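Only one chain is included here, represented as structure tokens and corresponding to the form solved without its partner chain.
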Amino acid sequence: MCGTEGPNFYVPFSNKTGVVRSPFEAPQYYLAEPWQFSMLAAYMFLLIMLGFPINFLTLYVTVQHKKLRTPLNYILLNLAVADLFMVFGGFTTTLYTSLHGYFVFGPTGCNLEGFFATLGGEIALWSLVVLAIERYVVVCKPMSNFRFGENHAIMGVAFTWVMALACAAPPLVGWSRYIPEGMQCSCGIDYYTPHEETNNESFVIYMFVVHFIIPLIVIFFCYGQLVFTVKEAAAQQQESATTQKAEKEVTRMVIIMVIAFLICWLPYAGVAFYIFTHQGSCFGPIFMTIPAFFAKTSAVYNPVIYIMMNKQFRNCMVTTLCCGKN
């Protein structure tokens, strides 16, 4: 008796005192104090205020700077758009519901806000995967006579939308479901409930393997094989000081990317390990929602790492911000 079940929701609080209400109808202040809902709102405001300009400025400077519109950069524009789906489909909605203390848009808004928030983060995820595959193909040259062009870059972008739809869409048609999560102001995939009518179990396994394990293996193989290729080539040109400098910065950048991906990936595995073991107990409105809580920040630090630290974009954006000068 950990929570209160209802049609289209699961509140992580016991109704033995009769105070639980539908997360679609009334504030959930038994889950958390009003000021904690405010701090949830303040966190969404921070994400909006950092995440909109950075990701929008990424799209804007690409319009103003011809050098950025290369095919290898398409997937980074895709990342920028995905983060904007997170900012507007997710963070902005959640700022609004947060300040009511429940999901005021009803179950219909739940499927909508759950779709677009989930799609956004899933496109971002697979953009980091596709970018690693592309960099691996361009550097390690696994295919004999191959040249990466506009057509290949478009396939990569389309591929992320297919993978994101492969996660975000089934809950609208009967495999898993969208429900309010945590403090009941955002909607998402149901990992909290063994809903047999929508076969929640097999979807969690499908998510764990296809949308969690596979991304880690591809990112690690590709980038590891790339660092290996760059390090062997540098080893054969050791008197080229710039080749050595270029080798160090590629390695340093792969480490930053992979570490930043683990900062978002390991919390889910940490919580996962707390459900493989420690299966019996109940989970508060914060337990499985801690990884989701902190993964939202990827809408800010991913463009900082992949776009803002890109030597090209950085100078482009400085010129754009500075009305053309410097």
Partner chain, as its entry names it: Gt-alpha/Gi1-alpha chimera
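Positions refer to the first chain, counted from 1.
Look at the C-alpha B-factors of 79-87 and of 241-249. On average they run higher in 241-249.
Relative to its counterpart among 289-297 and 272-280, 272-280 has the higher mean temperature factor, C-alpha atoms as listed in the PDB entry. By the numbers in the PDB entry, the CA B factor is greatest at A234 among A124, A234, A169, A158. You'll see in the entry that, of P71, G101, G182, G224, the Cα B factor peaks at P71. Ranked within its chain, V204 lands in the highest third, by CA B factor from the PDB record.
Annotation for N315: CA B-factor lies in the highest third of the chain's modelled residues.
When all modelled residues of the chain are sorted by CA temperature factor, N8 is found within the middle third. Ranked within its chain, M308 lands in the lowest third, by CA B factor from the PDB record. The deposited CA B-factor of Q28 belongs to the lowest third of values across its chain.
If you look for the form solved in complex with its partner chain, you will not find it shown, but the lines that follow are about it.
Judged by heavy atoms within 4.5 Å of its partner chain in the deposited complex, the contact stretch among the candidates 237-245, 120-128, 180-188, 77-85 is 237-245. Mapping the unseen interface onto this chain, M257 counts among the residues with a heavy atom inside 4.5 Å of its partner chain in the deposited complex. At least one heavy atom of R135 is located within 4.5 Å of its partner chain in the deposited complex. Contact check for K16: no non-hydrogen atom falls within 4.5 Å of its partner chain in the deposited complex. Not displayed here, its partner chain is approached by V250 to within 4.5 Å at the level of heavy atoms in the deposited complex. Heavy atoms closer than or equal to 4.5 Å to its partner chain in the deposited complex belong, across 130-145, to the residues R135, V138, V139, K141, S144, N145, ordered by sequence position.
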